[PDB]
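S.K.: This is model_13.cif (mmCIF, C-alpha atoms and all ligand atoms).
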```
data_work
loop_
_atom_site.label_atom_id
_atom_site.label_comp_id
_atom_site.auth_asym_id
_atom_site.auth_seq_id
_atom_site.Cartn_x
_atom_site.Cartn_y
_atom_site.Cartn_z
CA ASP A 279 14.02 11.66 -17.51
CA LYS A 280 11.26 12.97 -19.80
CA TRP A 281 9.44 13.40 -16.48
CA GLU A 282 11.59 16.33 -15.24
CA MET A 283 9.93 19.62 -14.47
CA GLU A 284 11.11 23.03 -13.43
CA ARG A 285 10.93 23.46 -9.65
CA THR A 286 9.20 26.82 -10.23
CA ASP A 287 6.11 25.27 -11.82
CA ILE A 288 4.91 24.33 -8.28
CA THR A 289 3.99 26.38 -5.21
CA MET A 290 4.56 24.50 -1.95
CA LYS A 291 1.50 25.25 0.22
CA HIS A 292 1.74 23.19 3.52
CA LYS A 293 3.37 20.07 4.93
CA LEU A 294 1.51 16.78 5.27
CA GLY A 295 3.90 14.27 6.85
CA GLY A 296 7.54 14.81 7.86
CA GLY A 297 10.09 11.95 7.96
CA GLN A 298 13.20 10.68 9.68
CA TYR A 299 14.11 10.34 5.95
CA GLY A 300 12.14 13.15 4.25
CA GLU A 301 8.99 15.25 4.16
CA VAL A 302 5.68 15.52 2.16
CA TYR A 303 3.83 18.64 1.02
CA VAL A 304 0.71 19.62 -0.76
CA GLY A 305 1.31 22.13 -3.55
CA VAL A 306 -0.23 23.72 -6.61
CA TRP A 307 0.93 23.34 -10.17
CA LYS A 308 0.18 26.97 -11.16
CA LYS A 309 0.08 26.26 -14.91
CA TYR A 310 -3.03 24.02 -14.62
CA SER A 311 -4.64 25.04 -11.21
CA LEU A 312 -4.15 21.44 -10.21
CA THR A 313 -3.43 20.40 -6.64
CA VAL A 314 -0.52 17.97 -6.37
CA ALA A 315 1.48 16.27 -3.69
CA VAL A 316 5.25 16.77 -3.50
CA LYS A 317 7.70 14.50 -1.73
CA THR A 318 11.21 15.68 -0.89
CA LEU A 319 14.48 14.89 0.99
CA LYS A 320 17.94 16.12 2.10
CA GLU A 321 21.49 14.98 2.97
CA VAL A 326 19.69 10.02 -3.83
CA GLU A 327 19.29 6.72 -5.73
CA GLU A 328 17.13 5.26 -2.95
CA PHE A 329 14.62 8.06 -3.08
CA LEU A 330 15.00 7.67 -6.82
CA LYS A 331 14.25 3.99 -6.87
CA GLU A 332 10.71 4.95 -5.82
CA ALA A 333 10.56 7.39 -8.71
CA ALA A 334 11.72 4.69 -11.15
CA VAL A 335 9.06 2.24 -10.04
CA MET A 336 6.24 4.80 -10.37
CA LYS A 337 7.35 5.68 -13.92
CA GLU A 338 6.45 2.12 -14.95
CA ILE A 339 3.02 1.78 -13.36
CA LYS A 340 -0.25 3.17 -14.64
CA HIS A 341 -3.29 1.81 -12.91
CA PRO A 342 -6.12 3.99 -11.72
CA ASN A 343 -5.64 2.55 -8.17
CA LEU A 344 -1.97 3.37 -7.81
CA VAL A 345 -1.20 6.96 -6.95
CA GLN A 346 -0.06 8.48 -10.24
CA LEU A 347 3.29 10.11 -10.81
CA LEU A 348 3.09 13.55 -12.51
CA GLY A 349 6.74 14.46 -12.60
CA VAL A 350 10.11 14.81 -10.86
CA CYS A 351 12.99 17.28 -10.13
CA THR A 352 16.16 15.27 -9.98
CA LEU A 353 19.16 17.15 -11.31
CA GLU A 354 19.61 19.46 -8.31
CA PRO A 355 18.63 19.41 -4.61
CA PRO A 356 16.15 19.71 -3.12
CA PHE A 357 14.94 16.63 -5.04
CA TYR A 358 11.15 16.33 -5.73
CA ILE A 359 8.69 13.53 -6.64
CA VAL A 360 5.34 14.88 -7.66
CA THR A 361 2.07 13.05 -7.80
CA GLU A 362 -1.65 13.64 -7.87
CA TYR A 363 -2.97 14.59 -4.49
CA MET A 364 -5.33 12.42 -2.46
CA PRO A 365 -7.61 14.83 -0.49
CA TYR A 366 -8.83 12.50 2.36
CA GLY A 367 -5.47 11.08 3.45
CA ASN A 368 -4.32 7.61 4.44
CA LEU A 369 -6.87 4.74 4.70
CA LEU A 370 -6.19 3.97 8.34
CA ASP A 371 -7.06 7.38 9.70
CA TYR A 372 -9.96 7.48 7.29
CA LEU A 373 -11.42 4.31 8.74
CA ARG A 374 -10.84 5.24 12.37
CA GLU A 375 -12.60 8.59 11.89
CA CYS A 376 -15.39 8.03 9.45
CA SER A 377 -19.15 7.87 9.85
CA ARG A 378 -20.04 4.19 9.83
CA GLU A 379 -23.46 5.21 8.49
CA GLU A 380 -21.51 6.62 5.50
CA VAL A 381 -18.90 3.85 5.12
CA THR A 382 -21.11 0.72 5.17
CA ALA A 383 -20.08 -2.93 4.59
CA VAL A 384 -20.67 -2.34 0.86
CA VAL A 385 -18.20 0.59 0.87
CA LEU A 386 -15.60 -1.50 2.70
CA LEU A 387 -16.05 -4.26 0.03
CA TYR A 388 -15.63 -1.66 -2.80
CA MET A 389 -12.39 -0.52 -1.17
CA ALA A 390 -11.06 -4.04 -1.13
CA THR A 391 -11.97 -4.59 -4.82
CA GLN A 392 -9.95 -1.59 -5.68
CA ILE A 393 -6.95 -2.68 -3.86
CA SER A 394 -7.09 -6.21 -5.31
CA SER A 395 -7.35 -4.69 -8.78
CA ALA A 396 -4.14 -2.62 -8.23
CA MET A 397 -2.31 -5.70 -6.96
CA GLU A 398 -3.71 -7.81 -9.85
CA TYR A 399 -1.97 -5.25 -12.11
CA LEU A 400 1.29 -5.37 -10.23
CA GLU A 401 1.50 -9.17 -9.94
CA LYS A 402 1.24 -9.31 -13.81
CA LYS A 403 4.07 -6.82 -14.08
CA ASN A 404 6.11 -8.86 -11.56
CA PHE A 405 6.51 -5.92 -9.14
CA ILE A 406 6.48 -6.46 -5.42
CA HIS A 407 5.35 -3.64 -3.13
CA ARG A 408 6.81 -4.91 0.18
CA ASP A 409 4.80 -2.48 2.34
CA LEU A 410 1.12 -3.12 1.91
CA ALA A 411 -0.81 -1.66 4.80
CA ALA A 412 -3.79 0.50 5.35
CA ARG A 413 -1.46 3.33 6.52
CA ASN A 414 0.07 3.18 2.98
CA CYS A 415 -3.18 3.45 1.11
CA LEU A 416 -4.70 6.84 0.23
CA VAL A 417 -8.22 7.95 -0.15
CA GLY A 418 -10.11 10.19 -2.53
CA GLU A 419 -13.61 11.26 -3.45
CA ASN A 420 -16.35 8.74 -4.05
CA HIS A 421 -14.36 6.30 -1.88
CA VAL A 422 -11.61 5.93 -4.41
CA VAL A 423 -8.73 4.13 -2.74
CA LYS A 424 -5.25 4.10 -4.25
CA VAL A 425 -2.14 2.18 -3.18
CA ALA A 426 0.91 4.15 -2.33
CA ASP A 427 4.29 4.22 -0.61
CA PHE A 428 6.33 2.49 -3.22
CA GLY A 429 9.71 3.12 -1.60
CA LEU A 430 10.46 -0.55 -1.20
CA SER A 431 8.86 -1.62 -4.46
CA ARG A 432 11.08 -3.63 -6.82
CA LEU A 433 10.89 -5.24 -10.21
CA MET A 434 11.81 -8.86 -9.44
CA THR A 435 14.03 -10.81 -11.63
CA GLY A 436 12.63 -14.23 -10.95
CA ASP A 437 10.04 -15.15 -8.41
CA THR A 438 11.87 -14.06 -5.19
CA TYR A 439 13.59 -10.96 -3.94
CA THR A 440 15.88 -11.32 -0.86
CA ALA A 441 16.43 -8.23 1.24
CA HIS A 442 19.75 -7.46 2.86
CA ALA A 443 20.74 -9.03 6.12
CA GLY A 444 20.24 -6.54 8.98
CA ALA A 445 17.05 -5.34 7.36
CA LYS A 446 14.02 -4.97 9.73
CA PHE A 447 10.32 -5.02 8.70
CA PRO A 448 6.89 -4.35 10.34
CA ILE A 449 6.26 -7.69 11.89
CA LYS A 450 2.47 -7.88 11.98
CA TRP A 451 2.27 -7.33 8.13
CA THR A 452 5.22 -9.47 7.08
CA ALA A 453 5.00 -13.02 5.85
CA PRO A 454 6.80 -15.69 7.88
CA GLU A 455 9.23 -16.70 5.09
CA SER A 456 10.11 -13.02 5.00
CA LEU A 457 10.75 -12.86 8.75
CA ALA A 458 12.68 -16.18 8.81
CA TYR A 459 14.85 -15.97 5.65
CA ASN A 460 14.22 -12.45 4.36
CA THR A 461 12.60 -13.73 1.13
CA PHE A 462 9.97 -11.62 -0.54
CA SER A 463 7.79 -12.59 -3.46
CA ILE A 464 4.34 -11.71 -4.79
CA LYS A 465 3.05 -14.24 -2.26
CA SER A 466 4.47 -12.23 0.62
CA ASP A 467 2.53 -9.22 -0.75
CA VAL A 468 -0.48 -11.59 -0.67
CA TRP A 469 -0.02 -12.15 3.00
CA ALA A 470 0.07 -8.42 3.76
CA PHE A 471 -3.01 -7.89 1.66
CA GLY A 472 -4.63 -10.33 4.02
CA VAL A 473 -3.61 -8.21 6.91
CA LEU A 474 -4.79 -5.05 5.10
CA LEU A 475 -8.26 -6.67 4.60
CA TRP A 476 -8.53 -7.27 8.32
CA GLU A 477 -7.56 -3.70 9.02
CA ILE A 478 -10.39 -2.73 6.67
CA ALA A 479 -13.04 -5.06 7.96
CA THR A 480 -12.40 -3.83 11.57
CA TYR A 481 -12.49 -0.15 10.64
CA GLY A 482 -8.87 0.27 11.43
CA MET A 483 -7.92 -1.80 14.37
CA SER A 484 -4.30 -2.72 14.91
CA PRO A 485 -3.48 -6.24 13.92
CA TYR A 486 -2.79 -8.89 16.63
CA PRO A 487 -4.12 -6.56 19.42
CA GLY A 488 -2.47 -7.08 22.76
CA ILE A 489 -0.03 -9.73 21.48
CA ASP A 490 3.69 -9.10 22.09
CA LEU A 491 5.64 -8.63 18.78
CA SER A 492 8.11 -11.17 20.00
CA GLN A 493 5.43 -13.89 20.09
CA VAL A 494 3.92 -13.34 16.62
CA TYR A 495 6.24 -15.56 14.53
CA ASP A 496 5.88 -18.39 17.05
CA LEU A 497 2.11 -18.09 17.41
CA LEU A 498 1.88 -18.16 13.63
CA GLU A 499 4.06 -21.16 13.31
CA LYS A 500 1.80 -23.03 15.79
CA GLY A 501 -1.34 -22.18 13.79
CA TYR A 502 -2.81 -18.92 15.24
CA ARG A 503 -4.52 -16.53 12.86
CA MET A 504 -6.55 -13.43 13.57
CA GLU A 505 -10.23 -13.98 14.14
CA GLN A 506 -13.17 -12.96 11.93
CA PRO A 507 -14.01 -9.40 12.60
CA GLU A 508 -17.57 -8.55 13.69
CA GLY A 509 -19.82 -8.06 10.60
CA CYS A 510 -17.23 -9.54 8.23
CA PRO A 511 -18.87 -12.16 5.92
CA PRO A 512 -17.61 -15.75 5.99
CA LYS A 513 -16.34 -15.72 2.38
CA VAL A 514 -14.35 -12.55 2.88
CA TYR A 515 -12.86 -14.17 6.05
CA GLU A 516 -12.02 -17.37 4.18
CA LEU A 517 -10.31 -15.29 1.53
CA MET A 518 -8.34 -13.42 4.16
CA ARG A 519 -7.56 -16.85 5.73
CA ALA A 520 -6.24 -18.20 2.39
CA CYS A 521 -3.89 -15.19 2.23
CA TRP A 522 -2.35 -16.49 5.48
CA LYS A 523 -1.48 -20.03 4.50
CA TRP A 524 1.86 -20.91 5.99
CA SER A 525 3.18 -22.06 2.60
CA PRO A 526 3.47 -19.26 -0.04
CA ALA A 527 2.47 -21.64 -2.84
CA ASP A 528 -0.77 -22.42 -1.01
CA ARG A 529 -1.91 -18.74 -1.02
CA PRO A 530 -3.98 -17.31 -3.75
CA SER A 531 -2.76 -15.21 -6.63
CA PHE A 532 -3.89 -11.53 -6.89
CA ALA A 533 -5.85 -12.51 -10.05
CA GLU A 534 -7.86 -14.83 -7.82
CA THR A 535 -8.20 -12.31 -5.07
CA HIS A 536 -9.42 -9.79 -7.56
CA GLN A 537 -11.81 -12.25 -9.12
CA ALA A 538 -13.30 -13.12 -5.70
CA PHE A 539 -13.94 -9.51 -4.74
CA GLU A 540 -15.36 -8.33 -8.06
CA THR A 541 -17.74 -11.27 -7.85
CA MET A 542 -18.85 -10.53 -4.29
CA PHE A 543 -19.15 -6.95 -5.20
CA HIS A 544 -21.60 -7.52 -8.08
CA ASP A 545 -23.69 -9.96 -6.04
CA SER A 546 -24.22 -7.67 -2.85
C1 LIG B 1 -0.03 12.56 4.44
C2 LIG B 1 -1.21 13.00 3.67
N1 LIG B 1 -1.24 12.81 2.32
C3 LIG B 1 -2.35 13.21 1.64
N2 LIG B 1 -2.45 13.09 0.31
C4 LIG B 1 -1.46 12.59 -0.45
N3 LIG B 1 -1.66 12.51 -1.77
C5 LIG B 1 -0.55 11.94 -2.35
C6 LIG B 1 0.49 11.63 -1.43
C7 LIG B 1 1.85 10.99 -1.59
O1 LIG B 1 2.49 10.68 -0.62
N4 LIG B 1 2.18 10.78 -2.87
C8 LIG B 1 3.29 10.15 -3.28
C9 LIG B 1 3.47 8.66 -3.21
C10 LIG B 1 2.34 7.74 -3.03
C11 LIG B 1 4.74 8.10 -3.42
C12 LIG B 1 5.84 8.91 -3.69
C13 LIG B 1 5.75 10.31 -3.67
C14 LIG B 1 4.52 10.95 -3.48
CL1 LIG B 1 4.39 12.72 -3.51
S1 LIG B 1 0.04 12.06 0.17
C15 LIG B 1 -3.43 13.78 2.30
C16 LIG B 1 -3.35 13.98 3.67
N5 LIG B 1 -4.40 14.56 4.43
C17 LIG B 1 -3.98 15.42 5.57
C18 LIG B 1 -5.06 15.12 6.58
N6 LIG B 1 -6.41 15.53 6.08
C19 LIG B 1 -7.34 14.68 6.84
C20 LIG B 1 -8.78 15.07 6.55
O2 LIG B 1 -9.40 13.89 6.00
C21 LIG B 1 -6.67 15.41 4.62
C22 LIG B 1 -5.43 15.31 3.71
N7 LIG B 1 -2.25 13.55 4.34
ZN ZN B 2 -9.34 -9.79 -12.51
#
```
Please re-express this file's structure in structure tokens.

M.R.:
Amino acid sequence: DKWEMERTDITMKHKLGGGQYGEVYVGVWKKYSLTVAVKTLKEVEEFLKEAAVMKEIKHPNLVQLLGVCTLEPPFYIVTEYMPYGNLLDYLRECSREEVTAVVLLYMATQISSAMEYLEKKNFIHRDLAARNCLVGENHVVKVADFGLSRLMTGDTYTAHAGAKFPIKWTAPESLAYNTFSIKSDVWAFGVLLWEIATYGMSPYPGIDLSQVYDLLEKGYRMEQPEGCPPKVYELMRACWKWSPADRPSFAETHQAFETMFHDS
């Protein structure tokens, strides 16, 4: 676009995460001594859809695009580099004396502020999870993995038939009828919050995948994690209302966390 770069501006240092689809590297942009992350693929417009969505989004809590290389293979997307990796591994491995309750709360305020931004732009993410969040210094958390993100035309996006999703993060109307909406991102946010409050447990632990929809339909929701405040649990419960209209908006979610945050 106007976001092209010459391949030779960047030195690929080491690999961070390979794919069945494609791989991820850390590199240096010589011309500024800046560390960047570089995503790539081989044997286009899918990989590119992610590029196109990140062009349009500019919020301090969404991993920022720095450029692209998309006239010749290998094709590159380049972004700022998050030094402490994905949020899930960060939670599982941190010092709990260093990440307190108040840090966990801060992390959630950041995420709700990125989604507040994206809801107003009418983008859906479609893969909210703690594995798809990235961490930086000072406990900056940034939302990432935008490869299923889409600008919606109205209020619902329907994915193709035959399309399979991570069950424990996906809203029931999405599992039943394949319908995504901002409200289905709300649900996954809920599930993300519980991953945070538990320092990185797996959702529905010890429940067969095959039973989740049904359990849900008959009323079951995950329980309050140990140490999690009532109001944060009630918020996380509102995210899981069976009816998408009944769930909160990301404005409201953001409002509730900023408020809790300032009151500590
Ligand atoms: C897998 C991984 N990513 C890291 N940082 C990233 N920054 C930006 C990344 C990225 O994916 N951006 C991006 C997005 C969001 C969309 C399209 C295209 C692109 Cl390019 S990935 C750090 C890291 N860690 C290795 C383990 N170490 C543990 C010690 O704490 C520390 C570092 N591992
Ligand atoms: Zn707000």

S.K.: Which residues form the shell of 10 Å around ligand ZN 2 (chain B) when you count only C-alpha atoms and all ligand atoms, given as a PDB file with C-alpha atoms, in the coordinates of the input?

M.R.:
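Writing done, so here's result36.pdb:
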```pdb
ATOM      1  CA  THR A 391     -11.970  -4.590  -4.820  1.00  0.00           C
ATOM      2  CA  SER A 394      -7.090  -6.210  -5.310  1.00  0.00           C
ATOM      3  CA  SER A 395      -7.350  -4.690  -8.780  1.00  0.00           C
ATOM      4  CA  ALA A 396      -4.140  -2.620  -8.230  1.00  0.00           C
ATOM      5  CA  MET A 397      -2.310  -5.700  -6.960  1.00  0.00           C
ATOM      6  CA  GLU A 398      -3.710  -7.810  -9.850  1.00  0.00           C
ATOM      7  CA  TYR A 399      -1.970  -5.250 -12.110  1.00  0.00           C
ATOM      8  CA  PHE A 532      -3.890 -11.530  -6.890  1.00  0.00           C
ATOM      9  CA  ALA A 533      -5.850 -12.510 -10.050  1.00  0.00           C
ATOM     10  CA  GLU A 534      -7.860 -14.830  -7.820  1.00  0.00           C
ATOM     11  CA  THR A 535      -8.200 -12.310  -5.070  1.00  0.00           C
ATOM     12  CA  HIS A 536      -9.420  -9.790  -7.560  1.00  0.00           C
ATOM     13  CA  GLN A 537     -11.810 -12.250  -9.120  1.00  0.00           C
ATOM     14  CA  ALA A 538     -13.300 -13.120  -5.700  1.00  0.00           C
ATOM     15  CA  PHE A 539     -13.940  -9.510  -4.740  1.00  0.00           C
ATOM     16  CA  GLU A 540     -15.360  -8.330  -8.060  1.00  0.00           C
ATOM     17  CA  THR A 541     -17.740 -11.270  -7.850  1.00  0.00           C
TER      18      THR A 541
END
```

S.K.: Write out as a Markdown table the residues of chain A that have any atom within 8 Å of an atom of ligand LIG 1 (chain B), one row each with the nearest atom pair and its distance in Å to one decimal, counting all atoms listed in the file, sorted by chain and then rising number.

M.R.:
```
| residue | atom | partner | partner_atom | distance |
| --- | --- | --- | --- | --- |
| A:294 | CA | B:LIG1 | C1 | 4.6 |
| A:295 | CA | B:LIG1 | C1 | 4.9 |
| A:302 | CA | B:LIG1 | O1 | 6.4 |
| A:303 | CA | B:LIG1 | CL1 | 7.5 |
| A:304 | CA | B:LIG1 | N2 | 7.3 |
| A:314 | CA | B:LIG1 | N3 | 7.2 |
| A:315 | CA | B:LIG1 | CL1 | 4.6 |
| A:316 | CA | B:LIG1 | CL1 | 4.1 |
| A:317 | CA | B:LIG1 | CL1 | 4.2 |
| A:318 | CA | B:LIG1 | CL1 | 7.9 |
| A:332 | CA | B:LIG1 | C12 | 6.6 |
| A:333 | CA | B:LIG1 | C12 | 7.1 |
| A:336 | CA | B:LIG1 | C11 | 7.8 |
| A:344 | CA | B:LIG1 | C10 | 7.8 |
| A:345 | CA | B:LIG1 | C10 | 5.3 |
| A:346 | CA | B:LIG1 | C10 | 7.6 |
| A:347 | CA | B:LIG1 | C14 | 7.5 |
| A:358 | CA | B:LIG1 | CL1 | 8.0 |
| A:359 | CA | B:LIG1 | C13 | 5.3 |
| A:360 | CA | B:LIG1 | CL1 | 4.8 |
| A:361 | CA | B:LIG1 | CL1 | 4.9 |
| A:362 | CA | B:LIG1 | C5 | 5.9 |
| A:363 | CA | B:LIG1 | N3 | 3.7 |
| A:364 | CA | B:LIG1 | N3 | 3.7 |
| A:365 | CA | B:LIG1 | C22 | 4.8 |
| A:366 | CA | B:LIG1 | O2 | 3.9 |
| A:367 | CA | B:LIG1 | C15 | 3.6 |
| A:368 | CA | B:LIG1 | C2 | 6.3 |
| A:371 | CA | B:LIG1 | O2 | 7.8 |
| A:372 | CA | B:LIG1 | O2 | 6.6 |
| A:414 | CA | B:LIG1 | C10 | 7.9 |
| A:416 | CA | B:LIG1 | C4 | 6.6 |
| A:417 | CA | B:LIG1 | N2 | 7.7 |
| A:425 | CA | B:LIG1 | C10 | 7.1 |
| A:426 | CA | B:LIG1 | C10 | 3.9 |
| A:427 | CA | B:LIG1 | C10 | 4.7 |
| A:428 | CA | B:LIG1 | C11 | 5.8 |
| A:429 | CA | B:LIG1 | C11 | 7.3 |
```

S.K.: What are the nearest atom pairs, with distances in Å to one decimal, for all residues of stretch 334-397 of chain A that come at most 8 Å from stretch 461-479 of chain A, using all atoms listed in the file, set out by chain and rising residue number as a Markdown table?

M.R.:
```
| residue | atom | partner | partner_atom | distance |
| --- | --- | --- | --- | --- |
| A:370 | CA | A:477 | CA | 7.8 |
| A:373 | CA | A:478 | CA | 7.4 |
| A:386 | CA | A:478 | CA | 6.7 |
| A:390 | CA | A:475 | CA | 6.9 |
```

S.K.: Of the residues A:356, A:509, A:297, A:444, which is the one nearest to residue A:284, using all atoms listed in the file?

M.R.: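 Closest to residue A:284, using all atoms listed in the file: A:356.
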
S.K.: State, in Å with one decimal place, the distance from atom CA of residue A:526 to atom CA of residue A:481.

M.R.: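 It comes out at 27.1 Å.
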
S.K.: I'd like to know which of A:282, A:490, A:301, A:338 is closest to residue A:432, using all atoms listed in the file.

M.R.: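 Answer, going by the shortest atom-to-atom distance: A:338.
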
S.K.: By how many Å are atom CA of residue A:496 and atom CA of residue A:408 apart?

M.R.: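 Computed distance, atom CA of residue A:496 to atom CA of residue A:408, equals 21.6 Å.
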
S.K.: Report, in Å to a single decimal, how far apart atom CA of residue A:337 and atom CA of residue A:446 are.

M.R.: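 About the pair atom CA of residue A:446 and atom CA of residue A:337: they are 26.8 Å apart.
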
S.K.: Pick the closest to residue A:349 from A:307, A:524, A:281, A:405: which is it, counting all atoms listed in the file?

M.R.: A:281

S.K.: Please determine, counting all atoms listed in the file, which residue among A:392, A:456, A:404, A:313 has the shortest atom-to-atom distance to residue A:335.

M.R.: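 Smallest separation from residue A:335 among the options: A:404.
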
S.K.: Let me make sure I understand: among A:449, A:387, A:400, A:376, which one has the smallest atom-to-atom distance to residue A:340 if we use only C-alpha atoms?

M.R.: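 Using only C-alpha atoms, the shortest distance to residue A:340 belongs to A:400.
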
S.K.: Taking all atoms listed in the file into account, name the residue in A:351, A:422, A:288, A:433 that is nearest to residue A:331.

M.R.: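 Of all the options, A:433 lies closest to residue A:331.
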
S.K.: Output requested as a PDB file, keeping the file's coordinate frame - stretch 420-446 of chain A, filled out with N, CA and C atoms.

M.R.:
```pdb
ATOM      1  N   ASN A 420     -15.553   9.835  -3.587  1.00  0.00           N
ATOM      2  CA  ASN A 420     -16.350   8.740  -4.050  1.00  0.00           C
ATOM      3  C   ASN A 420     -15.864   7.390  -3.502  1.00  0.00           C
ATOM      4  N   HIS A 421     -14.987   7.457  -2.504  1.00  0.00           N
ATOM      5  CA  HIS A 421     -14.360   6.300  -1.880  1.00  0.00           C
ATOM      6  C   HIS A 421     -13.393   5.624  -2.825  1.00  0.00           C
ATOM      7  N   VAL A 422     -12.785   6.424  -3.705  1.00  0.00           N
ATOM      8  CA  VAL A 422     -11.610   5.930  -4.410  1.00  0.00           C
ATOM      9  C   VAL A 422     -10.534   5.664  -3.344  1.00  0.00           C
ATOM     10  N   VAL A 423      -9.915   4.516  -3.452  1.00  0.00           N
ATOM     11  CA  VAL A 423      -8.730   4.130  -2.740  1.00  0.00           C
ATOM     12  C   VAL A 423      -7.606   3.727  -3.730  1.00  0.00           C
ATOM     13  N   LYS A 424      -6.420   4.226  -3.443  1.00  0.00           N
ATOM     14  CA  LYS A 424      -5.250   4.100  -4.250  1.00  0.00           C
ATOM     15  C   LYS A 424      -4.075   3.642  -3.356  1.00  0.00           C
ATOM     16  N   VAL A 425      -3.282   2.734  -3.884  1.00  0.00           N
ATOM     17  CA  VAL A 425      -2.140   2.180  -3.180  1.00  0.00           C
ATOM     18  C   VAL A 425      -0.971   3.074  -3.414  1.00  0.00           C
ATOM     19  N   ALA A 426      -0.133   3.162  -2.398  1.00  0.00           N
ATOM     20  CA  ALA A 426       0.910   4.150  -2.330  1.00  0.00           C
ATOM     21  C   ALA A 426       2.133   3.602  -1.609  1.00  0.00           C
ATOM     22  N   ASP A 427       3.009   4.527  -1.239  1.00  0.00           N
ATOM     23  CA  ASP A 427       4.290   4.220  -0.610  1.00  0.00           C
ATOM     24  C   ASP A 427       5.046   3.103  -1.277  1.00  0.00           C
ATOM     25  N   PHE A 428       5.617   3.423  -2.418  1.00  0.00           N
ATOM     26  CA  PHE A 428       6.330   2.490  -3.220  1.00  0.00           C
ATOM     27  C   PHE A 428       7.810   2.528  -3.002  1.00  0.00           C
ATOM     28  N   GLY A 429       8.283   2.971  -1.830  1.00  0.00           N
ATOM     29  CA  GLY A 429       9.710   3.120  -1.600  1.00  0.00           C
ATOM     30  C   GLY A 429      10.433   1.824  -1.328  1.00  0.00           C
ATOM     31  N   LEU A 430       9.752   0.708  -1.332  1.00  0.00           N
ATOM     32  CA  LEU A 430      10.460  -0.550  -1.200  1.00  0.00           C
ATOM     33  C   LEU A 430      10.088  -1.420  -2.373  1.00  0.00           C
ATOM     34  N   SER A 431       9.320  -0.854  -3.311  1.00  0.00           N
ATOM     35  CA  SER A 431       8.860  -1.620  -4.460  1.00  0.00           C
ATOM     36  C   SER A 431      10.054  -1.945  -5.389  1.00  0.00           C
ATOM     37  N   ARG A 432       9.985  -3.086  -6.028  1.00  0.00           N
ATOM     38  CA  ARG A 432      11.080  -3.630  -6.820  1.00  0.00           C
ATOM     39  C   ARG A 432      10.507  -4.480  -7.950  1.00  0.00           C
ATOM     40  N   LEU A 433      11.135  -4.352  -9.102  1.00  0.00           N
ATOM     41  CA  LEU A 433      10.890  -5.240 -10.210  1.00  0.00           C
ATOM     42  C   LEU A 433      11.672  -6.490  -9.879  1.00  0.00           C
ATOM     43  N   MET A 434      11.064  -7.649  -9.783  1.00  0.00           N
ATOM     44  CA  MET A 434      11.810  -8.860  -9.440  1.00  0.00           C
ATOM     45  C   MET A 434      12.367  -9.458 -10.684  1.00  0.00           C
ATOM     46  N   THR A 435      13.464 -10.154 -10.519  1.00  0.00           N
ATOM     47  CA  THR A 435      14.030 -10.810 -11.630  1.00  0.00           C
ATOM     48  C   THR A 435      13.355 -12.144 -11.766  1.00  0.00           C
ATOM     49  N   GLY A 436      13.412 -12.991 -10.779  1.00  0.00           N
ATOM     50  CA  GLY A 436      12.630 -14.230 -10.950  1.00  0.00           C
ATOM     51  C   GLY A 436      11.364 -14.158 -10.148  1.00  0.00           C
ATOM     52  N   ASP A 437      11.203 -15.130  -9.276  1.00  0.00           N
ATOM     53  CA  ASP A 437      10.040 -15.150  -8.410  1.00  0.00           C
ATOM     54  C   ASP A 437      10.298 -14.706  -6.951  1.00  0.00           C
ATOM     55  N   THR A 438      11.566 -14.498  -6.548  1.00  0.00           N
ATOM     56  CA  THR A 438      11.870 -14.060  -5.190  1.00  0.00           C
ATOM     57  C   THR A 438      12.871 -12.940  -5.136  1.00  0.00           C
ATOM     58  N   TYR A 439      12.634 -11.996  -4.235  1.00  0.00           N
ATOM     59  CA  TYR A 439      13.590 -10.960  -3.940  1.00  0.00           C
ATOM     60  C   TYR A 439      14.040 -11.230  -2.491  1.00  0.00           C
ATOM     61  N   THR A 440      15.344 -11.220  -2.232  1.00  0.00           N
ATOM     62  CA  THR A 440      15.880 -11.320  -0.860  1.00  0.00           C
ATOM     63  C   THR A 440      16.442 -10.000  -0.410  1.00  0.00           C
ATOM     64  N   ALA A 441      15.915  -9.478   0.681  1.00  0.00           N
ATOM     65  CA  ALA A 441      16.430  -8.230   1.240  1.00  0.00           C
ATOM     66  C   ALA A 441      17.722  -8.432   2.002  1.00  0.00           C
ATOM     67  N   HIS A 442      18.414  -7.333   2.303  1.00  0.00           N
ATOM     68  CA  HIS A 442      19.750  -7.460   2.860  1.00  0.00           C
ATOM     69  C   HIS A 442      19.642  -7.951   4.264  1.00  0.00           C
ATOM     70  N   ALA A 443      20.660  -8.636   4.723  1.00  0.00           N
ATOM     71  CA  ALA A 443      20.740  -9.030   6.120  1.00  0.00           C
ATOM     72  C   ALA A 443      20.840  -7.751   6.950  1.00  0.00           C
ATOM     73  N   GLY A 444      20.211  -7.730   8.122  1.00  0.00           N
ATOM     74  CA  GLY A 444      20.240  -6.540   8.980  1.00  0.00           C
ATOM     75  C   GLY A 444      19.013  -5.673   8.752  1.00  0.00           C
ATOM     76  N   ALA A 445      18.181  -6.100   7.810  1.00  0.00           N
ATOM     77  CA  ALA A 445      17.050  -5.340   7.360  1.00  0.00           C
ATOM     78  C   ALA A 445      15.842  -5.744   8.219  1.00  0.00           C
ATOM     79  N   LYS A 446      15.140  -4.751   8.786  1.00  0.00           N
ATOM     80  CA  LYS A 446      14.020  -4.970   9.730  1.00  0.00           C
ATOM     81  C   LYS A 446      12.712  -4.518   9.093  1.00  0.00           C
TER      82      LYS A 446
END
```
